[PDB]
């Protein structure tokens, strides 16, 4: 069957990786080493036509098919979340092209750092995206794309124009608001479930020349954390849009860190109200170029990431997309966390990232259709949320994997217990792997689910493009 496929692929001269070869062992290695899988075949296209033929060779052999770009799926859904998929690795298609009207064409395999590197050097242009340079553009944008430029310039999908996409029947479409309003609407948030994208289009913004990263180091106690976090909610509503912030919380201390697109002295005035509530001061702050800021937050990884790519970790993570927590909700989180922090025996191999996500001064909250003053056509449901939580654990998962799952869930639940069941969601790019399809799609996609399920039945009724937390077609 792996050879039933592999033969079809080479009948259409779709480049494929030979089974159980040296390259097959290097390509089947997931990013998250905790979850590995074994394709039925791996395709390695370099043209849109390869993808189309590869998708047709998938329909022929009744295999589910799944696309992998960067491979940073927290559950290795690039491979399909299971064995026996045809896996179309678009990593080799990474050409960036900057047009004169400031739109760009980015092939579906480009990694974020290769996108910023080529956009700043082809002109001085950029799109908003996350901090990790090795992340693939396809998975990042089709589900959101948040980083230290988002509060100022929006999610990556907010700048999304359209994409050449291969539907389950092999037909190649260019999807944009005019020609395919609903398909493009699904691609802005949940496009992993609807086709194999080969090229994405975005409207770039001018890479700023004056950018100030900053950190504020802290060591809260439980009650200094109920106050400090409540003070940050208020600041998330009022701070200028030039300001981008998150707070790392770990087992031994905290660090408020972010980026202000402006001068140091202006950052000082923006932070004054929050630092007053906190009783804290900037620890490190420096002004420099835009590529400098992306390198400072790349976590040691060189920006211009390309193929071949061999980064790996073994971890479990989850997220939250909350509104402003109440006093008592922040107290439940800090009681449960410092309960863990002060316990010498408990699992301490975790950390938490709380981005300031929405509010009146965030560009995500009222993102618009490009070149318009009308709302954006996007299935992404969380523009009304204020805070983007991420819970991670990078400890042991061979022998004590269920301790890793318990501790992050105990943290996440401590936040949501008192919250109205439909006032909080979760973030698909930070997908919680332990979730039932019903729960996951409820939380990632919210009130877009029915329209998404209606559209899934239109386009992929046999559910070829399958993954554990994918959109299921309506019966």
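Numbering follows the first chain given and starts at 1.
With 272 to 280 and 315 to 323 compared on mean CA B-factor from the PDB entry, the stretch scoring higher is 272 to 280.
Looking at 155 to 163 and 369 to 377 together, the entry lists the larger mean B-factor for 369 to 377, computed on C-alpha atoms. Of the residues listed, 148, 202, 248, 309, the entry assigns the biggest Cα temperature factor to 309. Within the listed group 131, 349, 344, 171, the record reports its top CA B-factor for 344. Per the deposited record, the Cα B-factor of residue 71 falls in the lowest third when ranked against the other modelled residues of its chain. Sorting the modelled residues of the chain by their CA temperature factor places residue 400 in the highest third. In this PDB entry, residue 426 carries a Cα temperature factor that places it within the lowest third of its chain's modelled residues. In the PDB entry, residue 414 places in the highest third of its chain by CA B-factor. Annotation for residue 261: C-alpha temperature factor in the middle third relative to the rest of the modelled chain, per the entry.
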